């Protein structure tokens, strides 16, 4: 994980926002086709960060996009493209 | 007479080796093949007769060759085409004759 | 005879107090009170004439009151109307008569 | 189905079309697998050689949340996301077909109800929308400062055209802003549409002449065919009438959208009625909730809609789903989703239902400035109604709480007002 | 209510419309007083000064029978009769709004469901009816002595219009008689309407050329507005498309009536689907029942109508209602009165939803030649479909009872039909 | 200014539009205030009484990023976001008028060049976009897996219609698919447009007859007047012409968009030309960069577009930008943001300007199969060109690096192609 | 190329077309050969077989004069002649593509411009030219003895319809002759075009009633499509307006030539805005100078044109080009060629940009009577601005020098005018 993503997820968690991730290959990515990733059911920063890095490792060489979720509103509040295949 | 066709027609009649090379590129491209035949060939006529399915669980060219040779044996007076299609792209990426009567 | 107008026109002629109170209303909700007149009243005539501004730096009702008194002094033979705009909502939530010749 | 149509983790995109279910699965059917199915039968329907020439994954309904219904048994809340591409541009009928067309028949679900849909700002923009909206409509009418009163001419039928213009004449001239046709008045043989329209137009002309304020009547043009609609609407536009009537339920969304696009082209307002409304949202166990319809209509386009008399919670939920530009997601109000709208002009709700003139203080405190209130009848009665409105408004602008002192205000208005006294007595 | 409305001693006339409701009163509300209320909410609603200017009794809908439901408690039928003057001529929408426009919402009834209508002759014959009629339809396709075959392309979405034609073509060439566009496919970004139409027409013509048999596809013409739908349909006519597909519930009836009339003028078969009917009719106790909808549509006009995969008795009941010229009252099949159409032609029922071709012999024995069926997929696949049809019909004709002999027929047929041999192994 | 317009803390929304300016301020004007002044210019310009009747904040361009250009002095990028209400739906025109209506005319910036825009999906959804798309164009033309060959008719003027169709035929029969009307040819007195249309039509038909390729000619329809452009357009479809050509710069955007829409209604491909562009883009330090123009057109709608003979990297950037559905921000290729289309279809790129067919392999590699190459003219020459293309694509299929082996390929192809051998000899 | 395209001894025929190029070649390239290349690229481009089938020479762009720029290095002036044949009739667009279609892509010129064109009188007469002309305008409006005054309404966006027309009324009543939109303001979400026409017409008619002077606003009818623009302009005439607005760089020349024909046919004034002119004129090195565009536009047809606040010689040059029938060549003023117009009427200049009423007496000096002054604003300000207009004209007519006495005129006028005193005190 990069410093700038770490500081992002920090800010996200501090507000009380949940964490989600979505993955897709370079073709899927082109077609704006994302897929669900395994749940990060933890509000602790360490556990979130560890599960993010595990998910990144899971999907080597595929686009990964990080997001911010307000559970009360059930709606998106932030978009961000964290990783790319190269 | 001077009758050509869509793709690779102006090169020498494509031969089993070069068919194999082209089939291989099609395979590693990941586009699941389709073969197709007819009695005649009309541009204004969009659709030909596919070879009873498209091939989806394709590992080797040599099976595609066997099928083409079969569909010659049944339709030796018809034209046989190979077509390749990207789903993700939603674009027909390959379409070239492999037989003439 | 019985000519009406759009809001409060039915009611008895608004005395100063109720005009003030409604100015107040506009003030809490930030409807800066816009004073306009016409020499007659016909529904087809969308547009009337302003009293030289809308009163954006109104800290009190009495100032707009006193304006309308000036206006009556100069065009007492005319009708006077007052409006308030929700620039945030871009909506005219207010228009009503405070004078008649 | 679960393994491909149930995506608990799935975060629904800004551009998605989000849909909120309340379903009750048949015994033996788990909630999760019920939601998966509900997803599947609404978008795909289920190894045909045709499928692998396609991107199935790209168009799938991703059911991303299921949650049990509070304080009730055998009912769960499923949220399904749908790509924006799944639905045709300009077409309410399209999204309706794609959403609420087939999954309604899926036997395994005992009981099924879609409740909300998040209309992404993008698919919002696309539509002609309403023809004038709240504020432009108020301006065209010159009417500000109070909700727009309305009265239903009676009897529903039988009246001659000439008498139908007598009735409009009285009702409007008493002081009332518009008068509405009965939905069962279109061309009927005792009253032919052209004569109705002519006569009414005369009557509004006179009434507006002698009061000097905007008058209109919701002259229904619902005709069996587009051509006939268009003819009655054109000839109405020759008459200087500010508004018409269309029954979007019983006419249809397509007819409505045509009419509205014409009206926007034509500078004439648009009224809607909801005949059969109950047929779709009444039961507590099945249907689509009236909010999504009001939202759909505003989408398709209209300047006026009925919302009833006054559940109040979700009532004002949909009032807000048809008035504001921005509303936050609120469960308790029915607003299952957040709704951004790119400044699309809002719509004016039409309260109705024999509104019981004395009930009006709460009605106004509910509906505020921006609304239309409609009376299920004589010129003094409208005089008293107008009086009372102005007074109630007046008191609300004072800061007094209409709730508490509604009878007291109506009273205060009563002593100088004969006709208001004659009414309050009744 | 029970005093004026409720006329069990009244004689209904041939000039009057009847409506059938299965209604369960709210507790405290008796059966009779509820049936009167149901009469009231739909005819007159409920004193003003316009009342005495009219003859009120001229314009009252009359309930003339109540009885409790067999095998159910507190459920009763209010049989209700109406004048002829009430309605606009030839207006589905008008009638709908007259009857069902206010009755569904009144609290006094817990689960009302509109079961069946009886349209008087004089009213019935003001329409155009279905654009040709089963007999002319069958003459135009030139196909006799057997039901017809539709297939709905799969998968629903992502297919290129080029693939979409290519799947059509396989469908028809293997011996199908129709492909059907899906109700959702109207202009999606991944297929725009016009390309699709062009490629379907080319595919139809080439399938015709190879096969030697007339071919038709169900081109969707539901379009967001009247102008799109008009253009679209014109374009299809330009390609000589004999048949089209419209959705009527979301689109409504006004637009379907326009399309039917235009098609009358232009020779064009009108296939129909019922998308969103499951909203309105699935629930047993509340809603409106599909035969009403079918009867309304058949007034408006449509060559085809879907009626379900399949109560088998109520199914044939309203099947009959849509095919034959005159039907009698049959409660065992759900038919409640005796109807006359006075020479307005029939509409084909269509079967869908996994018709399972080893269930084919039951399908024929249920309906027979005068219907259409729809399979859920290849040229060989459609050839086996075809072979099964033709063996089934043959065996029917021979006097062999299908019901018992199915799997033997299919067998025998498969012995000489390798393609049917595969379809039976699967 | 910088206080009011420059907010480095603001996050751009998906609902906001972005504009990239490579700006060098006038001496004495700091970069930050310079960006402030730019932001002020393009939306608001910069008191009056009217000003406090609105919400300035709702209508405020925001610059959230300024940075000095690497390896340049006094040069910086202003990235300025823009709300979702400033513009009208579906009008390139209004856009350019808002962004570039006066910003270019300001004093403080010595040169300003608009590098990039980023449309919000909401606006992207409101146009019609390209009539068909790359995929659908390839479907109509039935040609797949390679780029497209076009040749322009020389000399640009003087040729008689008879001559001009001779040359057409020869270019086409020799194996080129497309023929280009040199830009200035519209109706010149030596060549009346209508006689040109007919002769092309009859040459293309007969070419198609001999060759057994679908042909197409590029038919410039750009007209003095809207009526005239339309007429010539009807008469082009009336001969079954599948493709036409128009100018979006010189003729403009309202005409192009009207033509695209009509084409959409009439099933005709629409090629574009870029004429007058290099008054706007040649300057690296002032004007507009062609990625913006392309992007605007691809909103407007067009099948093809010129993109140059070939910066390589920036080429690829805006190339992939006009073909690809979603693109990432990358500065090396000149793409400053991450974009999505929400499924608006692609445009083929076009190159021209003396393509030197022994340069073909690099051209195929850099472009690929989705492009069209346009060549500055005999049937043998077209034969050689087509051959060299077919050999190149084959070889690329083989996995042979094009760059290294182009010359050996061409030679091997020529050893059996006397046409190509001769082409090589020169 | 020089031996083909450099003819120093060539006399241009009056039937030719002369275009003046400022150019800086690449190092090494001689100036004469560079200008030969610039000639060749546009008239012929460049060998092919077809070329000898025509008269090469007849279709050539002849460099007959080259000189360096006085007091400048690596710069020169080219004059090129083009035969009348090469061009279409009535197509400004054709002109722009021939002259400036591709030449600014030619590599060897480091920088290029076109300074001026001389349109042969023959080629002139094919265009309709301005719809009415200065004199016909000035008669129909009735306005004499002064230049005209305009107030661009502010704020550009956000303003509601109702408020919009309010402010139009105000400012118009103050004594201003017209009002404009910002070029940006046609149908933004906050504001719909049709309602805005309707409001504006009410305001104008009220102003004209009360003031007793022809009032008008500049009605931006630019629309995404020729159909829309036609629509909006037809509508605007229905209401009885005298003038409209439209924008040529943005929307397109063709749409202009259309709109000018239609307004010519329907007796409506046309006003023009020049948004993006900066993107073609600003720099001193590369673009097309504004004068050329103004020349082209008056060809196309218009009644007003923005011309800046006000190099002063250039301003006076092209305003006179657009004003007078005959102009004599003047390189100090930048008029490269003698021009005639065979009495084709002129166009009204427009200057705007917060014109500083203190500088207004200079502006009357510079421009002369036949002009329009726009003002980037309330009823009293508009009165003070009119009375200053008076006072300055009157003084001019007294024989007092405007430039020397501007301050004395203004103040003396203000001694009797509170509104002008107030203005001056700012």
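Protein chains in written order, with the entry's author numbering: chain B, 225 to 310; chain M, 8 to 108; chain P, 8 to 108; chain J, 20 to 65, 68 to 331, 338 to 403, 412 to 461; chain Q, 20 to 65, 68 to 331, 338 to 403, 412 to 461; chain G, 20 to 65, 68 to 331, 338 to 403, 412 to 461; chain C, 20 to 65, 68 to 331, 338 to 403, 412 to 461.
Virtual Cβ for every residue (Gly too), placed ideally from N, Cα, C.
Tell me which residue opens and which closes the beta strand (DSSP E) that residue i is part of.
i                     : result
residue 287 (chain B) : 287 to 294
residue 39 (chain G)  : 36 to 44
residue 90 (chain P)  : 86 to 93
residue 237 (chain C) : 237 to 239
Do you know offhand how far residue i's Cα is from residue j's?
i                     : j                     : result
residue 440 (chain J) : residue 395 (chain J) : 16 Å
residue 352 (chain C) : residue 106 (chain C) : 24 Å
residue 246 (chain G) : residue 290 (chain C) : 18 Å
residue 141 (chain C) : residue 156 (chain J) : 55 Å
residue 310 (chain Q) : residue 136 (chain Q) : 5 Å
residue 387 (chain C) : residue 397 (chain C) : 15 Å
residue 365 (chain G) : residue 31 (chain G)  : 12 Å
residue 260 (chain J) : residue 249 (chain C) : 25 Å
Taking the Cβ atom as the reference point for each residue, do residue i and residue j lie within a distance shorter than 8 Å?
i                     : j                     : result
residue 54 (chain G)  : residue 87 (chain G)  : yes
residue 84 (chain J)  : residue 417 (chain J) : no
residue 254 (chain Q) : residue 242 (chain Q) : yes
Please classify residue i: does DSSP put it in a helix, a strand, or coil?
i                     : result
residue 99 (chain G)  : strand
residue 51 (chain M)  : coil
residue 331 (chain J) : coil
residue 376 (chain Q) : strand
residue 2 (chain P)   : Within the shown structure, residues of chain P are numbered from 8 to 108, placing residue 2 (chain P) beyond reach of any answer.
Looking at the secondary structure, which residues open and close the alpha helix (DSSP H) in which residue i lies?
i                     : result
residue 32 (chain P)  : 23 to 36
residue 444 (chain Q) : 437 to 451
Could you tell me which whole alpha helix (DSSP H) segments of length 4 or greater appear in the segment 170 to 230 of chain Q? 182 to 194
I'd like the ranges of any alpha helix (DSSP H) spanning at least 4 consecutive residues and lying wholly in the segment 247 to 276 of chain B. 250 to 254
4-residue-minimum alpha helix (DSSP H) runs that sit fully inside the segment 80 to 146 of chain Q, ordered along the chain: 113 to 121, 142 to 145
Mind listing, in chain order, the continuous beta strand (DSSP E) runs of no fewer than 3 residues lying wholly within the segment 231 to 313 of chain C? 237 to 239, 264 to 268, 290 to 294
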